[PDB]
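Please note: Cβ atoms are built from the backbone with ideal geometry, for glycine as well, and neighbour counts cover all protein chains shown. FYI, it's all coordinate maths here, none of it is from the lab.
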Amino acid sequence: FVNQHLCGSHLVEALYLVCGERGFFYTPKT
Amino acid sequence: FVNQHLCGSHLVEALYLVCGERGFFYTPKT
Amino acid sequence: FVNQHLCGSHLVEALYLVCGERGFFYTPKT
Amino acid sequence: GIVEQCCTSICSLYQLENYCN
Amino acid sequence: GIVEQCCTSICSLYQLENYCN
Amino acid sequence: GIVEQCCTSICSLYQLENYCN
Ligand SMILES: [Zn+2]
């Protein structure tokens, strides 16, 4: 696997693929 | 709901979700 | 058809649509 | 317009809704 | 190449078609 | 955090995996 530059919705697309049915948390800095 | 930073195709993805079966017009400045 | 500004995954989405079942090669500069 | 506002600044879903048919 | 051209500049669908199999 | 790292820098799929449930 390679490293990624991921902004915005692309980050959540990546989490979706990495985690699959495990699900995930999307937690930006506030 | 939160405010959005949307460029390029991301804008049309957002319109698709907001409008659903109502449909929408995508009208960039020319 | 119009010209395109395509970065990252947007490029592969475009190739997918242009090529369809023909398939395609995604070949970034190394 | 809306396309430019959303990209150069930010926009709300309610502003986007003005473009629904 | 095409990947870099499309991102740094612009490209056409016909230029992209050169990458179909 | 991870959201900011992936966008300002780069991140791996293994770093992302820390956010799976
Ligand atoms: Zn994007």
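Database remark: amide H of A:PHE24 closer than 5 angstrom to the amide H of F:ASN21 (H placed geometrically; neighbours at sequence offset of 5 or more, or on other chains; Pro and chain starts carry no H).
Shown in residue order for the stretch E:14-21 are the 3J(HN,Hα) couplings computed by the Karplus curve 6.51 cos²θ - 1.76 cosθ + 1.60 at θ = phi - 60°: 6, 5, 4, 4, 4, 9, 5, 8 Hz (x for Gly and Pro). Label point of B:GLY23 (7 Å along Cα→beta-carbon): distances to the other copies' equivalent points are 3.7, 3.7 nm, sorted ascending.
For the protein assembly as shown, how big is Rg over Rh, using alpha carbon atoms and the Kirkwood form of Rh? Before the final figure, lay out the partial values.
On the way: Rg = 17.3 Å, Rh = 17.6 Å.
My calculation of the ratio gives 0.99.
Across the stretch B:5-14, coupling constants 3J(HN,Hα) worked out from phi with the 6.51/-1.76/1.60 Karplus curve, θ = phi - 60°, read 10, 10, 10, x, 5, 4, 4, 5, 4, 5 Hz, and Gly and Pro carry x. Here the stretch C:6-30 is scanned for amide nitrogen atoms under 14 Å from the site 7 Å beyond the Cα of E:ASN21 along Cα-to-Cβ, giving C:16, C:19-27.
Per residue of peptide D:7-19, the mean number of Cβ atoms on other chains within 10 Å of the residue Cβ is 5.
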